[PDB]
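Written out below as structure tokens is the structure these notes cover.
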Amino acid sequence: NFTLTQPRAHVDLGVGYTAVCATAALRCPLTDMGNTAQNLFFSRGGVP
Amino acid sequence: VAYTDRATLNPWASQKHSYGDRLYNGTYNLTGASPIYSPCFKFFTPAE
């Protein structure tokens, strides 16, 4: 099992910002906006 | 899995050995020897 590893490096050369993100489009929403409560009883906290 | 707040909406044909799913599911041979096509053969049936 030849473990090929290639160490390298990289450095930025920008005074302000030379790279921008632009959230533009929308795919399908991942979590449904349905009806879901929470039952905080999971937490063994407080004096009973 | 659709309206999770509840468990069903038809307590009389969504349960095992209920009023409807014994009548409309051919595994029990109620309307077996009857050659009429009833269009509920697919909405109530455990398929292969």
List the residue pairs whose Cβ atoms are under 9 Å apart, where the first residue sits in region A:20-34 and is within 14 Å of chain B (Cβ to nearest Cβ), the second is among the hydroxyl-bearing types (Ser, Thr, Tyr) and surrounded by 10 or more Cβ atoms within 10 Å (Cβ to Cβ), and the two are 6 or more positions apart or on different chains.
A:34/B:3; A:34/B:4
Lone qualifier among B:33, B:2 - being part of a loop (DSSP other than H, G, I, E, B) and farther than 30 Å from residue A:35 by Cα
B:33
If you take the residues in region A:7-48 that are over 26 Å from residue B:5 (Cα atoms) and among the β-branched types (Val, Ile, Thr), which one is surrounded by the most Cβ atoms within 10 Å (Cβ to Cβ)?
A:18
Report, ordered by the first and then the second residue, all pairs with beta carbons closer than 7 Å, sequence separation of six or more or different chains, a first member in region B:1-18 that is within 14 Å of another protein chain (Cβ to nearest Cβ), and a second member that is in a loop (DSSP other than H, G, I, E, B).
B:4/A:34; B:4/A:35; B:5/A:35
Which one is farthest from the other protein chains (Cβ to nearest Cβ) among residues in region B:19-30 that are surrounded by 10 or more Cβ atoms within 10 Å (Cβ to Cβ) and in a loop (DSSP other than H, G, I, E, B)?
B:30
Within region B:35-48, residues being over 24 Å from residue B:9 (Cβ atoms) and either surrounded by 10 or more Cβ atoms within 10 Å (Cβ to Cβ) or of a type in the set (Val, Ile, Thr) (or both) number 1
Selection from region B:1-47 of residues that are of a type in the set (D, E, K, R) and under 15 Å from the mean Cα position of the chain (by Cα):
B:16, B:21, B:22, B:42
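Every number in this text was worked out from the coordinates using simple rules, so none of it is lab data. Every residue, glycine as well, gets a Cβ built from its backbone with ideal geometry; the counts of neighbours run over all protein chains shown.
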